[PDB]
Amino acid sequence: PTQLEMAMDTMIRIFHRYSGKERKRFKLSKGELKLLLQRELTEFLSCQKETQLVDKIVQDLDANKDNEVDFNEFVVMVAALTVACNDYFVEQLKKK
Amino acid sequence: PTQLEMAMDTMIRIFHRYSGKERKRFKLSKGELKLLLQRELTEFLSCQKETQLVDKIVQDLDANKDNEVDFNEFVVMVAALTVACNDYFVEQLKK
């Protein structure tokens, strides 16, 4: 497959790795989404404790842990979180 | 980076290389997207003749050539096209 298709396959796979067995495909509960981020992003617990933005996103996932998210919302979150965590990692390199 | 991060990296990267100059970052025009899909998906034009939905999207891409889509919309569409174009059942019919 092409590069785009292989990236898409990896993300759909990783999405449904955290899906409940009863849920409509391409949907997650916010609790499951939170577990996804803690396990599938680089040093997410470090990033989330030191960055107010990532912290407020994650605490909203806790408040509505049973509400469901679709694939679009998942893509919004991951893209925003990776951007915020990269700024955080880059700046930690200058502190180290 | 993790696998999810590298996968998202590949898509941001592909998204931006078909991006024009006049674009607020993380947005893309439906016309530019059509060029992206034709060159970045396997035999995209032939999947259009095999699925009704893929045909609909392409004609929406041409009717609103100058409307713009954000990055998540593009990713969601790619998820739709990859699911629709590489369906297990359809492919095993084309023996």
# chains A, B, ... in the order shown; residues from 1 in each chain; ligands from 1

$ residues_around --residues "region 5-19 of chain B" --least-positions-apart "5" --cutoff "7 Å" --atoms "only C-alpha atoms" --output "PyMOL selection string"
(chain A and resi 4+7+10-11+41) or (chain B and resi 28+32+36)

$ interface_residues --of "chain B" --to "chain A" --cutoff "12 Å" --atoms "only C-alpha atoms" --output "NGL selection string"
:B and (1-15 or 26 or 36-44 or 70-86)

$ select_by_dssp --residues "chain A" --states "alpha helix (DSSP H)" --output "PDB file with C-alpha atoms, in the first residue's frame"
ATOM      1  CA  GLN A   3       2.306   5.753   2.606  1.00  0.00           C
ATOM      2  CA  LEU A   4      -1.052   7.380   3.345  1.00  0.00           C
ATOM      3  CA  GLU A   5      -2.887   4.043   3.407  1.00  0.00           C
ATOM      4  CA  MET A   6      -0.307   2.465   5.727  1.00  0.00           C
ATOM      5  CA  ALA A   7      -0.563   5.420   8.116  1.00  0.00           C
ATOM      6  CA  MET A   8      -4.365   5.192   8.032  1.00  0.00           C
ATOM      7  CA  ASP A   9      -4.259   1.441   8.683  1.00  0.00           C
ATOM      8  CA  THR A  10      -2.015   1.971  11.704  1.00  0.00           C
ATOM      9  CA  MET A  11      -4.301   4.613  13.175  1.00  0.00           C
ATOM     10  CA  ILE A  12      -7.517   2.647  12.653  1.00  0.00           C
ATOM     11  CA  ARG A  13      -5.857  -0.406  14.214  1.00  0.00           C
ATOM     12  CA  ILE A  14      -4.636   1.618  17.205  1.00  0.00           C
ATOM     13  CA  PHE A  15      -8.058   3.256  17.540  1.00  0.00           C
ATOM     14  CA  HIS A  16      -9.892  -0.068  17.771  1.00  0.00           C
ATOM     15  CA  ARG A  17      -7.283  -1.622  20.063  1.00  0.00           C
ATOM     16  CA  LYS A  30     -13.748   9.141  26.533  1.00  0.00           C
ATOM     17  CA  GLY A  31     -12.409   6.840  29.240  1.00  0.00           C
ATOM     18  CA  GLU A  32     -11.054   4.517  26.548  1.00  0.00           C
ATOM     19  CA  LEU A  33      -9.663   7.524  24.666  1.00  0.00           C
ATOM     20  CA  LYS A  34      -7.772   8.582  27.797  1.00  0.00           C
ATOM     21  CA  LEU A  35      -6.233   5.125  28.131  1.00  0.00           C
ATOM     22  CA  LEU A  36      -5.266   5.343  24.452  1.00  0.00           C
ATOM     23  CA  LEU A  37      -3.371   8.598  25.003  1.00  0.00           C
ATOM     24  CA  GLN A  38      -1.523   7.354  28.095  1.00  0.00           C
ATOM     25  CA  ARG A  39      -0.332   4.271  26.190  1.00  0.00           C
ATOM     26  CA  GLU A  40       0.112   5.461  22.589  1.00  0.00           C
ATOM     27  CA  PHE A  44       2.176  11.452  27.918  1.00  0.00           C
ATOM     28  CA  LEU A  45       2.003  11.428  31.719  1.00  0.00           C
ATOM     29  CA  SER A  46       5.006  13.748  31.901  1.00  0.00           C
ATOM     30  CA  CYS A  47       3.518  16.005  29.212  1.00  0.00           C
ATOM     31  CA  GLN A  48       0.074  16.141  30.814  1.00  0.00           C
ATOM     32  CA  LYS A  49       1.249  16.993  34.324  1.00  0.00           C
ATOM     33  CA  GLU A  50       3.481  19.892  33.171  1.00  0.00           C
ATOM     34  CA  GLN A  52      -2.059  23.118  31.628  1.00  0.00           C
ATOM     35  CA  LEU A  53      -3.661  22.603  28.211  1.00  0.00           C
ATOM     36  CA  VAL A  54      -3.107  18.831  28.128  1.00  0.00           C
ATOM     37  CA  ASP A  55      -4.185  18.631  31.766  1.00  0.00           C
ATOM     38  CA  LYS A  56      -7.506  20.382  31.124  1.00  0.00           C
ATOM     39  CA  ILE A  57      -8.207  18.184  28.093  1.00  0.00           C
ATOM     40  CA  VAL A  58      -7.542  15.012  30.090  1.00  0.00           C
ATOM     41  CA  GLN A  59      -9.650  16.058  33.086  1.00  0.00           C
ATOM     42  CA  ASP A  60     -12.605  16.642  30.752  1.00  0.00           C
ATOM     43  CA  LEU A  61     -12.156  13.071  29.534  1.00  0.00           C
ATOM     44  CA  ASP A  62     -12.461  12.038  33.189  1.00  0.00           C
ATOM     45  CA  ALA A  63     -15.593  14.110  33.830  1.00  0.00           C
ATOM     46  CA  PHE A  71     -13.140   9.116  14.792  1.00  0.00           C
ATOM     47  CA  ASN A  72     -13.163  12.827  13.905  1.00  0.00           C
ATOM     48  CA  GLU A  73     -12.960  13.944  17.538  1.00  0.00           C
ATOM     49  CA  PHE A  74     -10.203  11.418  18.211  1.00  0.00           C
ATOM     50  CA  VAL A  75      -8.219  12.847  15.276  1.00  0.00           C
ATOM     51  CA  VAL A  76      -8.700  16.394  16.582  1.00  0.00           C
ATOM     52  CA  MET A  77      -7.424  15.440  20.055  1.00  0.00           C
ATOM     53  CA  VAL A  78      -4.379  13.431  18.946  1.00  0.00           C
ATOM     54  CA  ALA A  79      -3.289  16.144  16.520  1.00  0.00           C
ATOM     55  CA  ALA A  80      -3.674  18.861  19.160  1.00  0.00           C
ATOM     56  CA  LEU A  81      -1.979  16.828  21.902  1.00  0.00           C
ATOM     57  CA  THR A  82       1.046  15.838  19.790  1.00  0.00           C
ATOM     58  CA  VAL A  83       1.546  19.501  18.848  1.00  0.00           C
ATOM     59  CA  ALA A  84       1.376  20.592  22.483  1.00  0.00           C
ATOM     60  CA  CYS A  85       3.595  17.766  23.706  1.00  0.00           C
ATOM     61  CA  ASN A  86       6.268  18.387  21.042  1.00  0.00           C
ATOM     62  CA  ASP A  87       6.638  22.020  22.141  1.00  0.00           C
ATOM     63  CA  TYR A  88       6.982  20.625  25.641  1.00  0.00           C
ATOM     64  CA  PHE A  89       9.581  18.010  24.684  1.00  0.00           C
ATOM     65  CA  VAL A  90      11.626  20.478  22.629  1.00  0.00           C
ATOM     66  CA  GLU A  91      11.727  22.949  25.527  1.00  0.00           C
ATOM     67  CA  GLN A  92      12.726  20.188  27.962  1.00  0.00           C
ATOM     68  CA  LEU A  93      15.767  19.534  25.754  1.00  0.00           C
ATOM     69  CA  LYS A  94      16.911  23.128  26.325  1.00  0.00           C
ATOM     70  CA  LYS A  95      16.437  22.692  30.087  1.00  0.00           C
TER      71      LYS A  95
END

$ select_by_dssp --residues "chain A" --states "strand (DSSP E or B)" --output "NGL selection string"
:A and (27-29 or 68-70)

$ write_last_selection --atoms "N, CA and C atoms" --output "PDB file, in the first residue's frame"
ATOM      1  N   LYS A  27     -16.025   4.412  17.104  1.00  0.00           N
ATOM      2  CA  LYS A  27     -16.416   5.201  18.262  1.00  0.00           C
ATOM      3  C   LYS A  27     -15.697   4.662  19.490  1.00  0.00           C
ATOM      4  N   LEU A  28     -15.393   5.561  20.420  1.00  0.00           N
ATOM      5  CA  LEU A  28     -14.795   5.197  21.697  1.00  0.00           C
ATOM      6  C   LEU A  28     -15.493   5.958  22.806  1.00  0.00           C
ATOM      7  N   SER A  29     -15.400   5.420  24.019  1.00  0.00           N
ATOM      8  CA  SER A  29     -15.734   6.215  25.188  1.00  0.00           C
ATOM      9  C   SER A  29     -14.542   7.083  25.573  1.00  0.00           C
ATOM     10  N   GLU A  68     -19.307   9.133  24.387  1.00  0.00           N
ATOM     11  CA  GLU A  68     -18.575   8.504  23.301  1.00  0.00           C
ATOM     12  C   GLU A  68     -18.015   9.547  22.340  1.00  0.00           C
ATOM     13  N   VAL A  69     -16.850   9.245  21.783  1.00  0.00           N
ATOM     14  CA  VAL A  69     -16.224  10.107  20.787  1.00  0.00           C
ATOM     15  C   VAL A  69     -16.167   9.353  19.464  1.00  0.00           C
ATOM     16  N   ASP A  70     -16.289  10.093  18.368  1.00  0.00           N
ATOM     17  CA  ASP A  70     -16.174   9.500  17.047  1.00  0.00           C
ATOM     18  C   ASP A  70     -14.733   9.620  16.551  1.00  0.00           C
TER      19      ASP A  70
END

$ atom_distance --atom1 "CA of residue 88 (chain B)" --atom2 "CA of residue 55 (chain B)"
19.2 Å

$ atom_distance --atom1 "CA of residue 19 (chain A)" --atom2 "CA of residue 52 (chain B)"
28.7 Å

$ atom_distance --atom1 "CA of residue 66 (chain B)" --atom2 "CA of residue 31 (chain B)"
6.4 Å
